[PDB]
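Below: one protein chain in two forms, given as structure tokens, structure 1 then structure 2.
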Structure 1
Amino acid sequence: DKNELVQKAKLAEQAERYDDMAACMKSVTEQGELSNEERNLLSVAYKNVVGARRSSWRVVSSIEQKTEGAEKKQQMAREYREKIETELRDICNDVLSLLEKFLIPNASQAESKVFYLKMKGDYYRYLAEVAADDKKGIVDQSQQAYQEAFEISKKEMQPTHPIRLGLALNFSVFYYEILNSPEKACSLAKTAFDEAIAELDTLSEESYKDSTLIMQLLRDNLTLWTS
């Protein structure tokens, strides 16, 4: 019963119980196309679920690498990092399976195809953040998903569309952080920002706010990366 699982996902969201929420939207997906609303539920849920593990992973990885002259503590940090990393990989794998098995094949409109292919790039990028022989394949999958999303979005979405801007944002981050390619990262971010500038004049107040929020993040990264 899809509508019951959705209403439960919405309660979980209000309750900030994102593991519960993600389980609900996973089950909704394992039916077989998501509304604008259900798509953002799935996205919000997994972003928070994986986000908690990414944050924990960064902190414990930092402790693992910094600890000196305390071998048992260092080992405990390594083992805890590995446990967190296993959770994180399991989350990414689940999301990537939903995308591959259900979401991307059934996506009928360009808006949802770009959304899901961006999501695919994102969760392969999150795997690439932690991958120390599988890394090259993971990175190639991230790049290809982002590029597929990028080409559709360039043809079918306005430059101010938040999904097109957010794709450019995350793809630029992929280039900077994962591929260590700051020049390509800056090019993607600056061009997306400048293409959107051209057309902000046409937007309503709400759409203007939507677009400029992502544009601010683009500018913020460009400022960081060029200092």
Structure 2
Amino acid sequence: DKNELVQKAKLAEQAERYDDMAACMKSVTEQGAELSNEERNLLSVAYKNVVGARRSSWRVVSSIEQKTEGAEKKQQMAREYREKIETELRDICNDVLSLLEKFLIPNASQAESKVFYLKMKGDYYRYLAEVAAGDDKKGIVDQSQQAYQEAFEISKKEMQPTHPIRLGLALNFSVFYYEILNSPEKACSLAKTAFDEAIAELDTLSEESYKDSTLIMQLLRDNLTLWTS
């Protein structure tokens, strides 16, 4: 059944049916054995598409709600629809965070895996923080920060500075500082230091992953340039 569920997931992916792809990978995770690298990446892609559709729609509607200030009926419709999108978004992050807490994080037996799932834990708390307001927002921001910080410690201690997971973590944690903590100096510092450490050790690139590494380096620098300018 395991190998079957993964096949169905890749078929779903080809078909661009990400709900199906995510359901298959959720079933696999719940069987309880660590995921191989391939399975972990399938799970990540599946849920990024499922959640990202709602995040994209939420930004659009939230921009509309903001533009219809002073047109009460329109702004109320946008507000109610934004609320509906948020409940979906929350249900999806709650699902992922439940998988990470029950299965992925506690069975992770290698540093690389631990970092990957703690980053993902930080990402999905960050998504919950994007649509949190008022009372619970502080605790959600705190859970995002504590997952990224743990990943960040482990990755500096165990991973080469050109490792794509280490670089992707720096990219997303710096965004978390910029957008969630409204701390651009801190976000710029984190991104510039990851870029600089990777430049210093280009001999640690490997044939297998240099394309992912050099791409993330470019994105870190693009964020720095967006944020300096």
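When a residue number appears, read it as a position in the sequence of structure 1, where counting begins at 1. Throughout, rigid core stands for the largest set of C-alpha atoms superposing within 1.5 Å between the two forms.
Peer 1: After fitting the rigid core, tell me which of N180, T202, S55, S187 has its Cα displaced by at least 2 Å between the two structures.
Peer 2: Looking at each option in turn, only one qualifies, and it is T202.
Peer 1: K155: with the rigid core matched between the two structures, does its Cα shift 2 Å or more?
Peer 2: Moves: no, less than 2 Å.
Peer 1: Following rigid core alignment, is the displacement of the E71 C-alpha between the two structures equal to or greater than 2 angstroms?
Peer 2: After core superposition, the displacement of the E71 C-alpha between the two structures reaches the 2 Å mark, so yes.
Peer 1: After superposing on the rigid core, how many Å does the CA of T212 move between the two structures?
Peer 2: C-alpha shift for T212: 1.1 Å.
Peer 1: What is the magnitude, in angstrom, of the C-alpha shift at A23 between the two structures when the rigid core serves as the superposition reference?
Peer 2: A shift of 0.7 Å.
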